[PDB]
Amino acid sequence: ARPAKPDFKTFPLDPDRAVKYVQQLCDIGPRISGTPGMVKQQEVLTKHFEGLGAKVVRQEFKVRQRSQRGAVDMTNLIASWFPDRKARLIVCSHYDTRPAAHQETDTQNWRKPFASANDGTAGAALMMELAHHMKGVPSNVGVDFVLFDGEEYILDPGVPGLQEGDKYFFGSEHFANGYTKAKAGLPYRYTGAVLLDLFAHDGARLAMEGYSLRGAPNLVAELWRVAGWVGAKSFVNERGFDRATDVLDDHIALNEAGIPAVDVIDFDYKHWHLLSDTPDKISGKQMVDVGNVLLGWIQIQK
C-alpha cells in the first residue's frame, strides 16, 4: 500500500428493482392496519431486511380508532443498521394503506381497493432497494429504517368543517413516545429523521414545508445541499405546496420528541388518495435520486 466538501458518494441503486418492489407490495393488495395484507407485508419486509443484514424489531401495540369500538393491532417495524453508534439517524415512512381512496368524488369508488403506491408504499420500497447497499455504506451514525403503522387508518373521514373524522399518526406517536420514555436509559440518541411521503412520482416537486423548516433547519440545509451535489432536481428551494403550506405527517411526533425531522414530500401529487395511485405512477429515477440524497446525508455526518 501507499497513500494516494464532505466525503460521500452515490451508490448503484437500481431504478427498475425499486419500482419492482413497489409493484410487489401493491400486489399484496391493500395493507390496511390490522388486516392479513398488513401481516403479509410485515413478513415480506422482515425477511428482506434480515436477508440483507439488518436487525428487525417489531413495536406491537393496540389502539382504538375514534369511529370504532374494537381494538386494532398495530406494529411498527424497525430495520437497524450499524448498532455500535452513539448517534442514530432515522429514515422513515408509513406502511399502512388508507382504507379508501377518499379523494374520489364518486363514493362508490370508496369501496374499491386502494393501492396507495406513492403513499407509504414507495417509501417502504425505497427502503427495500437501499437495503441492498447499506452494509457497503460507510457511516459515522447508526441508521434505523422505521415503518410506521396506523398513519391513516381512516374508516370515517369526517365531514369537512362539520366533523373531524378518524385519527392519524398512531405509529409515529407510539414510536416517539417510546423514545421519550426510554431516552435517559439509551446508549444512543436520535439526531435526525427523514420521512418519505408522496415523493416518488415523475417530476415530483419536493419543496420545503413549515413543520420541517421550523423543526429541523440544519437537516433541511444538509439534505438540499446533498441534493444539489447529486443532481436530484426534485429537491427545490421553495416554500410549500398548492394543497398546503404546512403538512401534518408522521414527522410531527418525531419533532415533538426532540428529533429534528423533515418530510420529503410533494403534497401536490396528482393521484393523492385516488384509485389511480398505482405503481405505474412511480419513477424509478426519482426513487434513485431520493435514495442517493438519503445515503449522502448519512455519509456526511461526523
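Quick note: we count residues from 1 along the sequence shown, nothing fancier.
> Per the PDB record, is the mean Cα temperature factor higher over 95 to 103 or over 159 to 167?
The stretch with the larger average C-alpha B-factor is 159 to 167.
> Return whichever of 188 to 196 and 175 to 183 has the greater mean Cα B factor according to the PDB record.
Looking at the record's C-alpha B-factors, the answer is 175 to 183.
> Highest Cα B-factor in the PDB entry belongs to which of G210, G142, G150, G228?
The record points to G210.
> Maximum C-alpha temperature factor per the entry, among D250, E43, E238, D266, belongs to which one?
That would be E43, according to the entry.
> Rank-wise, by C-alpha B-factor, drop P113 into the lowest, middle or highest third of its chain.
As the PDB entry reports it, the C-alpha B-factor of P113 lands in the highest third of its chain.
> Sorting the chain's CA B-factors, does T245 end up in the lowest, middle or highest third?
Tercile = highest for this residue's CA B-factor.
> Report the third (lowest, middle or highest) to which the CA temperature factor of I300 belongs, ranking only the modelled residues of the same chain.
Tercile = middle for this residue's CA B-factor.
> Mind checking which third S67 falls in for C-alpha B-factor across the chain?
Middle third by C-alpha B-factor.
> Which third of the chain does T35 land in by C-alpha B-factor: lowest, middle or highest?
It belongs to the highest third of the chain when residues are ordered by C-alpha B-factor.
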